[PDB]
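Asks: Got a structure for you, written out below as C-alpha cells; questions coming shortly.
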Amino acid sequence: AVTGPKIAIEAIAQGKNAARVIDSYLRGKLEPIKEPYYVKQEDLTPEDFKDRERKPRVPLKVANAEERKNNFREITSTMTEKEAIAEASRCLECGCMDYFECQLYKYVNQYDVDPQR
Amino acid sequence: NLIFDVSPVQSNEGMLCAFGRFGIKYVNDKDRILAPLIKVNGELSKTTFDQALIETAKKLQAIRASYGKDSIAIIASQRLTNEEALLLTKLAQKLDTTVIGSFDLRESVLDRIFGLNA
Ligand code: SF4
C-alpha cells in the first residue's frame with residue numbers, strides 16, 4: 001500500500017519496522033528506525049577463497065513438467081535432514097564470531113562515526 | 001467396530017428381507033477403501049484427504065473453466081441422506097452446472113399429472 005508491488009519479504013520488513021515505530025509511539029516516544037553501522041569487507045575477491053574445498057549445492061527436486069502441468073500440486077520438495085546438514089555445513093561463516101559481545105561495535109554504534117574520511 | 005447381527009423391529013409384520021437382514025455385511029468388508037487415491041505417474045495411489053479434495057476442486061474448476069456452464073455431471077446414489085443430496089445440489093449450483101441426477105433414476109410421470117413425483 002506504501003511501496004507498491006514488491007516481494008513479500010519487503011512487506012514483512014515494512015511491517016516489522018512499522019511495529020517497532022508504533023510500539024515506540026504508544027509509549028509517547030516516537031522514534032524513527034535507525035540503521036546500525038557495520039564493518040564490512042568490500043575488497044574480497046575469489047582468490048581470497050581459493051583454498052576452500054569445493055562442495056556441490058543441495059540439488060532441488062523438481063516435479064516432471066508433463067505431469068505437473070495438469071495439476072496444482074507442489075512443484076519442489078523439501079530437502080531431507082541429511083541434505084540440510086550437509087548444505088548448512090557449506091557456509092563459510094563470514095560474520096564476526098564476536099558480534100554479540102564486541103565492545104567496538106557497541107561503541108561505534110553509540111557514537112556517530114564517519115570513518116571513511 | 002464390527003457388526004455382528006441384525007434384528008427386525010416389532011412394528012408391522014416385524015419383517016426384513018434378504019437385503020435388510022444380510023446385506024449389512026459390506027460394513028465389515030475388508031475391501032472398503034478408507035483413504036483417498038489420486039493418479040500419480042498414471043496410476044492411483046494413496047494420499048491425504050486435504051490433497052485429494054484440493055485436487056478434486058481444481059479438476060472440476062478446470063473443466064468448468066475450459067468448457068463452460070453445465071459441463072460437469074453430478075451422478076449420486078439414491079442411498080444418500082437428504083442432507084447429502086441437498087448439499088450435492090448446492091455443490092452443482094456452485095460448480096455452475098444443472099446436470100445433477102442418478103443412473104438409477106426412473107423417468108417421472110406423476111409430476112406431469114398431479115404435480116409431485118411422490
Ligand atoms: S555466512 Fe554463509 S550464508 Fe552468509 S554469505 Fe557467508 S557463506 Fe553465504
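Residue numbers start at 1 in each chain; chains themselves are named A, B, ... in the order of the C-alpha cells; ligands are numbered from 1 in the order shown.
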Which residues are close to residue 20 (chain A), i.e. within 12 Å by only C-alpha atoms, leaving aside same-chain residues fewer than 4 positions away? Reply as a list in words.
Replies: residues 13, 14, 15, 16, 24, 25, 26, 27, 29, 30, 31, 32, 33 and 34 of chain A
Asks: At a cut-off of 12 Å, using only C-alpha atoms, what residues contact residue 61 (chain A)? Leave out same-chain residues fewer than 2 positions from it and give the result as a ChimeraX atom specification.
Replies: /A:58-59,63-64,74-80,83
Asks: Using C-alpha atoms, can you write the selected residues to a file as a short mmCIF file (atom, residue, chain, number, x, y, z; two decimals), in the first residue's frame?
Replies:
data_model
loop_
_atom_site.label_atom_id
_atom_site.label_comp_id
_atom_site.auth_asym_id
_atom_site.auth_seq_id
_atom_site.Cartn_x
_atom_site.Cartn_y
_atom_site.Cartn_z
CA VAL A 58 21.98 -29.43 -2.48
CA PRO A 59 20.01 -30.48 -5.59
CA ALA A 63 8.37 -32.39 -10.46
CA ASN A 64 8.22 -33.55 -14.07
CA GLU A 74 3.67 -28.53 -5.19
CA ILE A 75 6.46 -28.46 -7.75
CA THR A 76 9.50 -28.61 -5.47
CA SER A 77 10.15 -30.82 -2.44
CA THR A 78 11.64 -30.04 0.96
CA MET A 79 15.16 -31.34 1.46
CA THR A 80 15.99 -34.13 3.89
CA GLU A 83 20.93 -32.80 2.89
#
Asks: Select residues of chain B: the criterion is any atom within 9 Å of an atom of chain A, counting only C-alpha atoms; output as a list in words.
Replies: residues 40, 41, 42, 51, 54, 55, 58 and 59 of chain B
Asks: Ligand 1: which residues are within 8 Å, counting only C-alpha atoms and all ligand atoms, as a ChimeraX atom specification?
Replies: /A:90-95
Asks: Do you have the CA of residue 52 (chain B)-CA of residue 2 (chain B) distance handy?
Replies: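 Result for CA of residue 52 (chain B) versus CA of residue 2 (chain B): 27.6 Å, one decimal.
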Asks: Please provide the set of residues having any atom within 10 Å of residue 99 (chain B), restricted to only C-alpha atoms, with same-chain residues fewer than 5 positions apart removed, written as a list in words.
Replies: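 Once the adjacent positions are removed, what remains is residues 69, 70, 71, 72, 73, 74, 75, 89, 92 and 93 of chain B.
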Asks: Go ahead and save the picked residues with N, CA, C and O atoms, as a compact mmCIF listing (two decimals), in the first residue's frame.
Replies:
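Result written to again26.txt:
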# COMPACT_ATOMS: atom_id res chain seq x y z
N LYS B 69 -20.54 -23.58 -18.70
CA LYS B 69 -21.67 -23.97 -17.87
C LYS B 69 -22.19 -25.35 -18.26
O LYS B 69 -22.13 -25.77 -19.42
N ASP B 70 -22.70 -26.07 -17.25
CA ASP B 70 -23.33 -27.38 -17.43
C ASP B 70 -22.41 -28.36 -18.14
O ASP B 70 -22.83 -29.12 -19.01
N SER B 71 -21.14 -28.35 -17.76
CA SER B 71 -20.15 -29.26 -18.31
C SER B 71 -19.75 -30.36 -17.34
O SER B 71 -18.99 -31.26 -17.71
N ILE B 72 -20.24 -30.31 -16.10
CA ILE B 72 -19.95 -31.32 -15.09
C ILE B 72 -21.27 -31.96 -14.68
O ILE B 72 -22.24 -31.26 -14.38
N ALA B 73 -21.30 -33.28 -14.67
CA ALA B 73 -22.46 -34.04 -14.23
C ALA B 73 -22.18 -34.60 -12.84
O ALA B 73 -21.11 -35.17 -12.60
N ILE B 74 -23.14 -34.44 -11.94
CA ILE B 74 -23.04 -34.97 -10.59
C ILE B 74 -24.05 -36.11 -10.50
O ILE B 74 -25.25 -35.88 -10.37
N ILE B 75 -23.55 -37.34 -10.56
CA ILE B 75 -24.39 -38.53 -10.51
C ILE B 75 -24.25 -39.15 -9.12
O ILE B 75 -23.17 -39.61 -8.74
N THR B 89 -26.71 -30.79 -4.50
CA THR B 89 -27.36 -29.80 -5.36
C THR B 89 -26.71 -28.43 -5.20
O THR B 89 -26.51 -27.72 -6.19
N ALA B 92 -23.49 -28.47 -7.09
CA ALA B 92 -23.74 -28.26 -8.52
C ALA B 92 -24.05 -26.79 -8.80
O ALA B 92 -23.66 -26.26 -9.85
N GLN B 93 -24.75 -26.13 -7.89
CA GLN B 93 -25.02 -24.71 -8.04
C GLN B 93 -23.73 -23.89 -8.01
O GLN B 93 -23.58 -22.94 -8.78
Asks: Give me the residues near residue 47 (chain B) as a PyMOL selection string, where near means some atom within 9 Å (using only C-alpha atoms) and where sequence neighbours in that chain fewer than 6 positions away do not count.
Replies: chain B and resi 35-38
Asks: Using only C-alpha atoms, determine which residues lie at most 10 Å from residue 8 (chain B), disregarding the query and same-chain residues fewer than 4 positions distant; provide the list as a list in words.
Replies: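 The residues that qualify are residues 12, 13, 14, 15, 16, 17, 20 and 21 of chain B.
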Asks: Provide the CA of residue 97 (chain B) to CA of residue 81 (chain B) distance in Å, to one decimal place.
Replies: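 Computed distance, CA of residue 97 (chain B) to CA of residue 81 (chain B), equals 21.2 Å.
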Asks: Which residue is closest to residue 107 (chain A)? Choose from A:37, A:69, A:52, A:86 and count only C-alpha atoms.
Replies: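 The shortest atom-to-atom distance to residue 107 (chain A) comes from A:37.
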Asks: Would you list, as a ChimeraX atom specification, the residues of chain A that end up in helix (DSSP H, G or I) under DSSP run on this structure's backbone?
Replies: /A:8-26,46-49,65-68,81-88,103-110
